[PDB]
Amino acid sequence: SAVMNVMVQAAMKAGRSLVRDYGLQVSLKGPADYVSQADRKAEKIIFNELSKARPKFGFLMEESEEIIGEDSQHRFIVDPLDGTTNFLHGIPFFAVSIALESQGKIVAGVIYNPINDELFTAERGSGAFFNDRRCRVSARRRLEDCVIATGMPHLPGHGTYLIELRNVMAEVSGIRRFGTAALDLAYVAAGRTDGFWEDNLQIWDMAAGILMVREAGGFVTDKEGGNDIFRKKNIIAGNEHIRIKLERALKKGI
């Protein structure tokens, strides 16, 4: 669609800015929670580019106050830099994430890793794509064959998290913690990891990636197996078999 094209172009322009900045006025928004000039410039670019094409739409953006659109039915949801801490450390693993929400549903999503030039896209009913080729969740059925990605609390819920990690670690070929959220969901949708779980995530961390995984033939629930992801701010994602096995592993001993 035209709107997907506009989203893709905004993400890639912001991504090129991030790549220039990668090769900065940092501040703390909260404990271990960073924002830099790179995030701010990416978000300006995305706001300006999307505005030129769909001036009627609303904007929910990580780094600035929400903008209400003239068209009450549509808003872009923007993470201008998923993996800020990675970026600031020179860890070449981070992404731009843009979703479109129409009448309370996520209908388009773009996640772009500009370091590796990896473009993940999905529209409601279109399937997931990686660099213009269809992609799907992995077909693994046993946890012992799987690599599972995770997000960790650092510097609330550490004890519960460590129970979950214990249960999953005992059963899988690998755990990964890359430091992103959107890109981790894209990696599940593209079959690069077999599943993902995390808590304390914002709407912009997850919106594009939830759609991606679902369009890729996978399943996404909150940590309780329900569909209250944005309110609960937690997630389990994977193919039908792995998602349920993860949900079971996560609850053992809780």
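Residues carry their position along the shown sequence, with the first being 1.
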For the neighbouring pair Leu155 and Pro156, the stretch of deposited sequence with no coordinates amounts to 1 to 3
The stretch whose C-alpha atoms carry the larger average B-factor in the entry, 60-68 or 185-193, is 60-68
Averaging the C-alpha temperature factors as deposited, the higher value of 194-202 versus 220-228 falls on 220-228
From the entry's CA B-factor values, the highest among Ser138, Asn113, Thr121, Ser102 is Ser102
Residue set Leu50, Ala38, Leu28, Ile210, per-entry CA B-factor max assigned to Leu28
Sorting the chain's modelled residues by C-alpha B-factor and splitting them into thirds places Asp79 in the lowest
The third of the chain into which the C-alpha temperature factor of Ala237 falls is the lowest
Split the chain's modelled residues into thirds by Cα B-factor; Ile91 lands in the middle
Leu24: CA B-factor among chain residues, third -> highest
The third of the chain into which the C-alpha temperature factor of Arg133 falls is the highest
